[PDB]
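What follows is a set of notes on a single structure, which appears directly below.
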Amino acid sequence: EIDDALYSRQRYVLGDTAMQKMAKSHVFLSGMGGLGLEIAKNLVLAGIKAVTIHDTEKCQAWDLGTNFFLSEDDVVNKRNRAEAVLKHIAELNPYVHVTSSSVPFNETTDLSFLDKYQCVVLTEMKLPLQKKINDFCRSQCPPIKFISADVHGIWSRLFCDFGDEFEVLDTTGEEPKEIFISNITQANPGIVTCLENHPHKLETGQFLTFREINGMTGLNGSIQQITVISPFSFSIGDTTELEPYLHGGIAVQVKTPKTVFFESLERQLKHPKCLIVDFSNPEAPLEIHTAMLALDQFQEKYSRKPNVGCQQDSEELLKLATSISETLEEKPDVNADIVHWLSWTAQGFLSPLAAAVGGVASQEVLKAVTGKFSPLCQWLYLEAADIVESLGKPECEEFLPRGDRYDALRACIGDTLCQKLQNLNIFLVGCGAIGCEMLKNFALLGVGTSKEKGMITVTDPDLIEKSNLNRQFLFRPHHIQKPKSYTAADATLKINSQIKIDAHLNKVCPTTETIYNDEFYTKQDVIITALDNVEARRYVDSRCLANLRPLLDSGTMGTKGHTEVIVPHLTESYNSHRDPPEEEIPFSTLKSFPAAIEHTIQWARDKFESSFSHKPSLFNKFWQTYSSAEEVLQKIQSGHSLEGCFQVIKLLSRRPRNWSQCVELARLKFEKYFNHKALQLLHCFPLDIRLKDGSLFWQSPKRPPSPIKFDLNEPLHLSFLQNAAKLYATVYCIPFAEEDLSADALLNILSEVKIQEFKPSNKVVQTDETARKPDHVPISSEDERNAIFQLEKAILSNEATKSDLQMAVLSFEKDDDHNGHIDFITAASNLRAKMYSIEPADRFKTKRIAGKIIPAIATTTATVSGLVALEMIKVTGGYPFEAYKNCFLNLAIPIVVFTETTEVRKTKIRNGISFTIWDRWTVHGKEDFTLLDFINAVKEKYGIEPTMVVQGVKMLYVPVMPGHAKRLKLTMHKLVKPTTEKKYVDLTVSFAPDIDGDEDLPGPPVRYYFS
Ligand SMILES: O=P(O)(O)O[C@H]1[C@H](OP(=O)(O)O)[C@@H](OP(=O)(O)O)[C@H](OP(=O)(O)O)[C@@H](OP(=O)(O)O)[C@H]1OP(=O)(O)O
Ligand SMILES: Nc1ncnc2c1ncn2[C@@H]1O[C@H](COP(=O)(O)OP(=O)(O)OP(=O)(O)O)[C@@H](O)[C@H]1O
């Protein structure tokens, strides 16, 4: 099977079929350089059955700056690189059988041994050898998937070749869409109309299936190719021979296999299918490909890479590139700058770019071994020329190696920028999947390793769980239930002994703002967020905007990822970007009229919360507010009203006393949820009732419920009964054993249970989507008397003791599979689904939807971490606006889009006065300084007269209010009454617009000093 506790988050990304295909697959990886190590790490974290790492190079001091598993002892002993890293790699995932190899590769090497590997990845291999290996691999039956990846300084090359014909079983991996049908016309071709404000969002040529269609019963169960006509309509083909449309209908998107044609590596070198990553330079990938091919030819010709600063070598490389360009089909122009920089940084190696390319290549390997997504076709050329482009023309002496571990990075970015990196003060927020990779990149780049000023602060309150080991490679199984930051710091210190780190456990929130005051942010140079929610992102961005400090943001949703770069005085902040809010499920839809499995899952989750967390909390709070039941009864008899008293009384009268009573209560709850509710709803609205227009009320998207008869033999009913009984026993503190969960024991208990007869009641049911949950309806006197009688009976029965007035409150924990929370939610959701004839969902989908688990995989995390590290380098260098690039990537397509970061927008108020979001105004005063003096000072310093003073919720001054015109004479200390904690106070000021009737135009925040 599949270890769900470890692969829970990856299971949603890939699927159990892809997971089973990931086993039984043997992957051969060669080179074990900086890039090969990243690829191997990502693959082992993914969970491939067996990986064979192979290398022949001996470890060197230069390798320490690129390999995060090597140590100085390995260099001393001159061990093989694969042998040295084999022990560490295997510990990442014990399920993976990792083996090392050292068989030499050359012209005469026999390639017969590669037939046992599904996929082959080659790094740091000579080009003719790659050609021969690819030719052998693609000619096998079945073809062996070939992937080649290389990194030379700041330039990278990625290649894929999955045989002549590769069968993709899933083009995108998105959830199939469901489109509700409004009306279908009998025509050749017929036209299908969707419901209003429900765009189908479909593409011409896709195949759809139909069900629950009245009139055209033939269309049910059939598959038709469609042509898009309008956002709410499309054509499916001839429908004249069918019966006229009545009502109803659901169309479901159908996924089909797709065939992708690749080509041999030898032929691809002349007509490359490069993937465009920057639409502003569509022809850049072709030029980069030409330059790298010229570099390979230079290596073949001279047996060495070009020397940095040797003009003759650069001229020779340019000549070779010019010669190569003519042989290309398109004959593109040779980019002198790209060739020159490739010559300059040929011998270097950039760690973040290596990590990004490793993530992409690992995703491609997974595509090769599973067919889950559309593979790359065929070349991907990532580059980081922006890092050195802003440097202009530096001297060669800044790039010469100096013997330390940072020679690889120095040969790329020069000594000056390396020194600037070592003195950074980085405040890294959150230490999740992205945080660990960012720490690894920091250790590789030497960030904060200086003994003078460098310092890294990482803060995180969570604890390590088993499911986190799949993505966060810095953690180990023995680290479970330990702080994330401490473990990450301990591991990073192992990676680079010189690094300075300072872990924290505080959660970044306004409650902890005292620790992370303004001075602390002033000390920091770069702030990086690895958060998973939105509110924390907005809070951190607001703090950074207040303190004028650059912020880097990133996030991953499965194969999707995005990076955002925020720079003071240059780019818009995160708060300036506002997405539409979350999709609120209508209250009427959730409560009474579900239409999809998501609605039932949400209803089950809310029912669980209300039954086991909210209601017990109310019960405990009520019984702690008052002494005992006698006092409450006396108050009620005197006419006193208490909040939620009747509900508490009802709960007390139904408290189970033993396991049998708990089972009976679960049975009654089942009957109420899935038998009485449907009958009540049908009684309120019969199946054949119609509206004023004559249309059936029970039409799409509403679905008519049907009662469910209890049956212990049904596995679903038994599962629900068991889970409900266990949860109720836990809440009411009733001991039980597994024998009590047996079907026979439950049947014996249920033999004596009498089922109360259902009786319909007159209740108002909200049907409009705009309706929401109303407040508490006042309770009639008869219900009050019933509650009084029940409470008196409980008191007289001596069942109101202290033990009876307390009951434990459960917390919804989803990762713990033995508590039965997810089992109960799944049982309730499926049972409700059968009530409304909705398709049931399995346990894992319910766990994902109810728990709001965000799918995530290691490869996307590594890629976004590498890109964020590149942007951090750019920020540290203080480069101009054009250098920074926001990134959005979706490896499922695959697609990578680099775009310029959003330019800061200037907002004008009056007389040409303009301000940015980064601007903050300062005012100084004294004790007798009045509001009129404040207005005069503002109009003097900035030329604009204030007309609106706000401090949060405080209403300070408006000239138009009838009675507050006198406030101009009031001093600040009396107008706002500020706290004495600080010497200044922040205010929000607006000015009257040039056109009357409009609200005063808000201005930049203004900080007023009391002295
Ligand atoms: O408190 P809620 O989570 O909103 O659930 C309540 C509650 O049902 P449970 O106690 O079974 O969870 C009501 O029962 P009381 O505790 O008030 O007796 C029940 O009312 P009825 O038993 O009278 O049907 C009502 O259902 P409704 O609003 O349809 O009357 C139902 O609400 P939901 O199940 O829709 O949440
Ligand atoms: N306000 C905050 N301050 C500090 N750390 C935060 C804050 N909000 C979230 N975090 C951290 O963000 C991290 C997010 O990590 P990640 O995205 O890998 O998921 P996770 O929390 O480990 O779990 P899962 O992926 O299962 O939801 C968590 O470790 C959490 O501690």
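Chain A uses Swiss-Prot numbers throughout; the residues present, in order, are 38-1048.
Cβ from N, Cα, C; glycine included.
Annotated ATP binding site per Swiss-Prot: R46, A470, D497, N505, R508, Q509, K521, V545, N570, in sequence order. According to Swiss-Prot, the Mg(2+) 1 binding site annotation covers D499, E502. If you look up Swiss-Prot, you'll see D569 marked as Mg(2+) 2 binding site. The phosphothreonine annotation in Swiss-Prot covers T54. According to Swiss-Prot, the feature phosphoserine maps to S301, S737. Summarising the annotation, Swiss-Prot assigns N6-acetyllysine to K544, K729.
When the C-alpha distances from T54 (phosphothreonine) to the binding-site residues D497, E502, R508, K521, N570 are tabulated, the minimum falls on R508.
DSSP classifies the residue listed as 'phosphothreonine' as helix under the three-state reduction. Comparing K544 (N6-acetyllysine) with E502 (Mg(2+) 1 binding site), their Cα atoms are 18 Å apart once rounded. Listed in sequence order, the residues of the same chain lying 6 or more apart from the residue listed as 'Mg(2+) 2 binding site' and placing their CB within less than 8 Å of its CB are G467, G469, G592, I891. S301 (phosphoserine) falls outside any helix or strand according to DSSP and counts as coil. Among the residues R46, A470, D497, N505, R508, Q509, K521, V545, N570 said to bind ATP, no two Cα atoms are farther apart than 25 Å. Ligand 2 lies within reach of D569 from the recorded positions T54, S301, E502, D569, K729, judged by a C-beta closer than 6 angstroms to any of its atoms. Put simply, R508 (ATP binding site) is 15 Å from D499 (Mg(2+) 1 binding site) when counted between their Cα atoms. Within 10 Å of the C-beta atom of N570 (ATP binding site) sit 10 other C-beta atoms, taking all shown protein chains into account. Within the same chain, residues at least six positions away from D497 (ATP binding site) with a Cβ under 8 Å of its Cβ are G467, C468, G469, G472, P520, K521, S522, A525, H541, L542. Here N570 (ATP binding site) is compared against the recorded positions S301, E502, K729, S737, and the shortest C-alpha distance is to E502. Under the DSSP three-state reduction, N570 (ATP binding site) is assigned to coil, being neither helix nor strand. Among the listed recorded positions, namely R46, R508, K521, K544, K729, the Cβ with the most fellow Cβ atoms inside 10 Å is that of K521.
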